[PDB]
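A lone chain, given as structure tokens: the form deposited in one PDB entry.
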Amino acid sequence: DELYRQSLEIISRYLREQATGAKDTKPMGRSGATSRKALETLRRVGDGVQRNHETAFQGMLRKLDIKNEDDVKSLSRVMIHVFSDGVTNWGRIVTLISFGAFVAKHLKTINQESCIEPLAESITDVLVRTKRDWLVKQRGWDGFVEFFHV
């Protein structure tokens, strides 16, 4: 499964970049072109979604009661509940990743930067295993970037 690897890489780099603030060096593996502008798409749109959804994001974060990695292994079930209810679109998916970034910035504050990698993997696993076929019909991240062009 490569869609898992491509998605995980995009989600990881965006979350860590949000958490840290550095636009990261390093090679963007393979198929980097689509992944590069989805990440660039996430920079432009995802952070604004966080601004537009700040109240419930702060509320959700306060109720989740995140402290360590053993909390992360329980966030998936709440993620699966809030996310999988309804019909699929890219707005839901960019919202999913946006709150992951919100959680990532919080995790750094409480000095829990090592937990950003499970989160992104939990996010990635929740997305593909529930939206795989749809992501294939939408041509994956190509249809993502095509959707969010400016």
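The term rigid core refers to the most C-alpha atoms you can superpose between the two forms while keeping them within 1.5 Å. Throughout, we count residues from 1 along the sequence that is shown.
From this point on, the text means the form deposited in another entry, which you will not see here.
Student: Given a core-based superposition, decide whether the C-alpha of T34 shifts by 2 Å or more between this form and the one not shown.
Tutor: The answer is no; the displacement is under 2 Å.
Student: Taking 2 Å as the cut-off, check whether the CA of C115 shifts that much or more between this form and the one not shown after a rigid core fit.
Tutor: Result for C115: yes, a 2 Å-plus shift.
Student: Would the C-alpha of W90 be classed as shifted by 2 Å or more between this form and the one not shown after rigid-core alignment?
Tutor: The answer is no; the displacement is under 2 Å.
Student: Have a look at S74 and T88: in the other form, are their Cα atoms closer together or farther apart than in this form, given the change is 3 Å or more?
Tutor: Residues converge in the other form, at least 3 Å closer.
Student: In the other form, the Cα separation between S84 and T34 changes by 3 Å or more relative to the shown form; did it shrink or grow?
Tutor: Note: Cα gap between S84 and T34 widens in the other form.
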